[PDB]
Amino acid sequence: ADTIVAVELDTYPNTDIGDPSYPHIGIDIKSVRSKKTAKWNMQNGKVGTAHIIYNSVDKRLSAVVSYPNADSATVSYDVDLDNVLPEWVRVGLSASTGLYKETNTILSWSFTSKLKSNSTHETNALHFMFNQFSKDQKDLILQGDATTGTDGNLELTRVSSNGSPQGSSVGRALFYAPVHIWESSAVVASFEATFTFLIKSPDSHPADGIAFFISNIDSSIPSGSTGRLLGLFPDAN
């Protein structure tokens, strides 16, 4: 099974797996049961932004979700990445729907990672930025239902021709190249990621959420990981 570190934008409260009773942002380290969460005032059908930061100086993973002219939602947690992830990973975005549903559209996505070795400026870096997705996006690995459309967006879960979202859907997009996220001779290892997202639901109740995740390089969608498992976890433990 895979090793997952994720930040979750969770739109549907599953309280029997420890979700608080409201939509929330959370930090997940090898379990869907978040290590920390914060209340998130999710807004149905408005474009929002998420920003995930990590530095190995403070060993703290932090995230903010906001919408224009709204208060932000923020969460942070101690994370020693050398203790949780292999040296090489892939990075991605995942989303699901279950019995309830929502569009999980990504409008842009950026990532940067930097690894300063032993030496005085001996830095390796990777940066990518998608402000538009093409129909053939060859630097994305799409898993499950995820697709990139002729409209320039990344739809992580299934949406019908009339634009309405489907239940029981799960899909992911991982940057194509593996990422060196830590190295034992690194003075500073750190990364950041941002994406813009549009979650819309005809339901009164949207489900299930979108997550930015970092995984083993060979990570695939766990069987039956629709609904509350967000495409990331094989079970609710």
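Numbers follow the displayed sequence, beginning with 1.
For this session: Return whichever of 13-21 and 222-230 has the greater mean Cα B factor according to the PDB record.
Result: The entry gives the higher C-alpha B-factor average to 13-21.
Problem set entry | 71-79 versus 105-113 - which carries the larger mean C-alpha B factor in the record | Comparing 71-79 with 105-113, the higher mean C-alpha B-factor belongs to 71-79.
Problem set entry | From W182, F195, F191, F175, residue of greatest CA B-factor | When the deposited C-alpha B-factors of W182, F195, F191, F175 are compared, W182 is largest.
For this session: Choose from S31, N44, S169, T37 the residue with the greatest Cα B-factor as stated in the PDB record.
Result: Of the candidates given, the C-alpha B-factor peaks at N44.
For this session: Relative to the other modelled residues of the same chain, rank the CA B-factor of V84 and answer lowest, middle or highest third.
Result: Within its chain, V84 is a highest-third residue by C-alpha B-factor, going by the deposited values.
Exercise. If you rank every modelled residue in this chain by C-alpha B factor, which third holds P165: lowest, middle or highest?
Worked result: As the PDB entry reports it, the C-alpha B-factor of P165 lands in the middle third of its chain.
Exercise. Should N118 be placed in the lowest, middle or highest third of its chain by the C-alpha B factor in the entry?
Worked result: Highest third, going by the recorded CA B-factors of the chain.
Exercise. Going by what the PDB entry lists, where does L61 fall on CA B-factor within its chain: lowest, middle or highest third?
Worked result: Middle third by C-alpha B-factor.
Exercise. Compared with the other modelled residues in the chain, in which third is the CA B-factor of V187?
Worked result: Its C-alpha B-factor, which the entry lists for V187, ranks in the highest third among residues of this chain.
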